[PDB]
Amino acid sequence: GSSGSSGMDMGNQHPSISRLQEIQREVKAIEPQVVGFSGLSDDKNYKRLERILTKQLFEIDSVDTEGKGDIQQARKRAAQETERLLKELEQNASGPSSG
């Protein structure tokens, strides 16, 4: 529903957190690039967009958790987020999702 209750104090930036943070800002920085997209399903620029997500996503799965909710959550939270946009594209493109 709303995950907002956790602390954070330690001298060390997990290699998984930074990643998600480096992959999240991407899908987010491109979130609008898709929502504000305008191209048929696979026109020329549709690839890039998708590629991004596809790339970012592939990175999400690459992000190890090691059984760390803090991470697991984000990751999984990014695994769905990324795909989400991806889906949008298909729609934002011009054609319907499925019908």
# chains A, B, ... in the order shown; residues from 1 in each chain; ligands from 1
call {"tool": "residues_around", "arguments": {"residues": "stretch 49-60 of chain A", "least_positions_apart": "6", "cutoff": "7 Å", "atoms": "only C-alpha atoms", "output": "VMD selection string"}}
result
chain A and resid 20 23 27 34 75 78 to 79 82 86
call {"tool": "closest_residue", "arguments": {"among": "A:41, A:6, A:24, A:18", "to": "residue A:77", "atoms": "only C-alpha atoms"}}
result
A:24
call {"tool": "select_by_dssp", "arguments": {"residues": "chain A", "states": "helix (DSSP H, G or I)", "output": "PyMOL selection string"}}
result
chain A and resi 17-29+31-35+45-62+69-93
call {"tool": "residues_around", "arguments": {"residues": "residue A:65", "least_positions_apart": "2", "cutoff": "12 Å", "atoms": "only C-alpha atoms", "output": "JSON, numbers by chain"}}
result
{"A": [14, 15, 16, 17, 19, 20, 60, 61, 62, 63, 67, 68, 69, 70, 71, 72, 73, 74, 75, 76]}
call {"tool": "write_last_selection", "arguments": {"atoms": "N, CA, C and O atoms", "output": "PDB file, in the first residue's frame"}}
result
ATOM      1  N   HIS A  14      25.282   0.196  -0.449  1.00  0.00           N
ATOM      2  CA  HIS A  14      25.089  -1.092  -1.092  1.00  0.00           C
ATOM      3  C   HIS A  14      25.213  -0.932  -2.608  1.00  0.00           C
ATOM      4  O   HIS A  14      24.754   0.060  -3.172  1.00  0.00           O
ATOM      5  N   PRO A  15      25.853  -1.952  -3.243  1.00  0.00           N
ATOM      6  CA  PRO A  15      26.043  -1.934  -4.683  1.00  0.00           C
ATOM      7  C   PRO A  15      24.737  -2.255  -5.413  1.00  0.00           C
ATOM      8  O   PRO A  15      24.674  -2.185  -6.640  1.00  0.00           O
ATOM      9  N   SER A  16      23.727  -2.598  -4.628  1.00  0.00           N
ATOM     10  CA  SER A  16      22.425  -2.929  -5.183  1.00  0.00           C
ATOM     11  C   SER A  16      21.489  -1.724  -5.078  1.00  0.00           C
ATOM     12  O   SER A  16      20.648  -1.509  -5.950  1.00  0.00           O
ATOM     13  N   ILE A  17      21.667  -0.970  -4.004  1.00  0.00           N
ATOM     14  CA  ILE A  17      20.849   0.209  -3.773  1.00  0.00           C
ATOM     15  C   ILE A  17      21.192   1.275  -4.814  1.00  0.00           C
ATOM     16  O   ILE A  17      20.312   1.764  -5.522  1.00  0.00           O
ATOM     17  N   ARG A  19      22.601   0.971  -7.559  1.00  0.00           N
ATOM     18  CA  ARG A  19      22.199   0.491  -8.869  1.00  0.00           C
ATOM     19  C   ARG A  19      20.735   0.844  -9.138  1.00  0.00           C
ATOM     20  O   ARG A  19      20.433   1.590 -10.070  1.00  0.00           O
ATOM     21  N   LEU A  20      19.864   0.292  -8.306  1.00  0.00           N
ATOM     22  CA  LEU A  20      18.439   0.541  -8.442  1.00  0.00           C
ATOM     23  C   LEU A  20      18.194   2.048  -8.536  1.00  0.00           C
ATOM     24  O   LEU A  20      17.312   2.492  -9.269  1.00  0.00           O
ATOM     25  N   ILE A  60      17.816  -4.561 -13.527  1.00  0.00           N
ATOM     26  CA  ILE A  60      17.094  -4.797 -12.289  1.00  0.00           C
ATOM     27  C   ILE A  60      17.298  -6.250 -11.855  1.00  0.00           C
ATOM     28  O   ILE A  60      17.630  -6.515 -10.700  1.00  0.00           O
ATOM     29  N   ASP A  61      17.090  -7.153 -12.802  1.00  0.00           N
ATOM     30  CA  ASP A  61      17.248  -8.572 -12.530  1.00  0.00           C
ATOM     31  C   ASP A  61      18.711  -8.863 -12.193  1.00  0.00           C
ATOM     32  O   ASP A  61      19.012  -9.836 -11.504  1.00  0.00           O
ATOM     33  N   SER A  62      19.584  -8.001 -12.694  1.00  0.00           N
ATOM     34  CA  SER A  62      21.009  -8.153 -12.455  1.00  0.00           C
ATOM     35  C   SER A  62      21.350  -7.715 -11.029  1.00  0.00           C
ATOM     36  O   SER A  62      22.347  -8.156 -10.461  1.00  0.00           O
ATOM     37  N   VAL A  63      20.501  -6.849 -10.492  1.00  0.00           N
ATOM     38  CA  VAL A  63      20.701  -6.346  -9.143  1.00  0.00           C
ATOM     39  C   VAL A  63      20.418  -7.464  -8.139  1.00  0.00           C
ATOM     40  O   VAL A  63      19.286  -7.934  -8.030  1.00  0.00           O
ATOM     41  N   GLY A  67      18.700 -11.398  -0.057  1.00  0.00           N
ATOM     42  CA  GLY A  67      17.707 -11.466   1.002  1.00  0.00           C
ATOM     43  C   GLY A  67      17.696 -10.177   1.826  1.00  0.00           C
ATOM     44  O   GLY A  67      17.822 -10.216   3.049  1.00  0.00           O
ATOM     45  N   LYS A  68      17.543  -9.064   1.123  1.00  0.00           N
ATOM     46  CA  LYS A  68      17.514  -7.765   1.774  1.00  0.00           C
ATOM     47  C   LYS A  68      16.248  -7.016   1.350  1.00  0.00           C
ATOM     48  O   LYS A  68      16.245  -6.321   0.336  1.00  0.00           O
ATOM     49  N   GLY A  69      15.205  -7.183   2.149  1.00  0.00           N
ATOM     50  CA  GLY A  69      13.936  -6.531   1.869  1.00  0.00           C
ATOM     51  C   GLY A  69      14.155  -5.129   1.298  1.00  0.00           C
ATOM     52  O   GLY A  69      13.701  -4.827   0.195  1.00  0.00           O
ATOM     53  N   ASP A  70      14.852  -4.311   2.072  1.00  0.00           N
ATOM     54  CA  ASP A  70      15.136  -2.948   1.656  1.00  0.00           C
ATOM     55  C   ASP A  70      15.449  -2.931   0.159  1.00  0.00           C
ATOM     56  O   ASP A  70      14.964  -2.066  -0.571  1.00  0.00           O
ATOM     57  N   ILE A  71      16.256  -3.897  -0.256  1.00  0.00           N
ATOM     58  CA  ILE A  71      16.638  -4.004  -1.653  1.00  0.00           C
ATOM     59  C   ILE A  71      15.561  -4.780  -2.415  1.00  0.00           C
ATOM     60  O   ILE A  71      14.988  -4.272  -3.378  1.00  0.00           O
ATOM     61  N   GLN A  72      15.318  -5.997  -1.954  1.00  0.00           N
ATOM     62  CA  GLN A  72      14.319  -6.849  -2.580  1.00  0.00           C
ATOM     63  C   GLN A  72      13.089  -6.027  -2.969  1.00  0.00           C
ATOM     64  O   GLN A  72      12.615  -6.111  -4.101  1.00  0.00           O
ATOM     65  N   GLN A  73      12.609  -5.248  -2.010  1.00  0.00           N
ATOM     66  CA  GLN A  73      11.444  -4.410  -2.240  1.00  0.00           C
ATOM     67  C   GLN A  73      11.678  -3.494  -3.442  1.00  0.00           C
ATOM     68  O   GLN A  73      10.954  -3.569  -4.433  1.00  0.00           O
ATOM     69  N   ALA A  74      12.691  -2.651  -3.315  1.00  0.00           N
ATOM     70  CA  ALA A  74      13.028  -1.720  -4.379  1.00  0.00           C
ATOM     71  C   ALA A  74      13.105  -2.476  -5.706  1.00  0.00           C
ATOM     72  O   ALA A  74      12.346  -2.191  -6.632  1.00  0.00           O
ATOM     73  N   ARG A  75      14.028  -3.426  -5.758  1.00  0.00           N
ATOM     74  CA  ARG A  75      14.212  -4.225  -6.957  1.00  0.00           C
ATOM     75  C   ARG A  75      12.857  -4.627  -7.541  1.00  0.00           C
ATOM     76  O   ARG A  75      12.471  -4.152  -8.608  1.00  0.00           O
ATOM     77  N   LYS A  76      12.171  -5.499  -6.816  1.00  0.00           N
ATOM     78  CA  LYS A  76      10.867  -5.971  -7.250  1.00  0.00           C
ATOM     79  C   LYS A  76       9.984  -4.770  -7.594  1.00  0.00           C
ATOM     80  O   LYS A  76       9.181  -4.832  -8.524  1.00  0.00           O
TER      81      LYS A  76
END
call {"tool": "residues_around", "arguments": {"residues": "residue A:98", "least_positions_apart": "3", "cutoff": "12 Å", "atoms": "only C-alpha atoms", "output": "PyMOL selection string"}}
result
chain A and resi 87-88+90-91+94-95
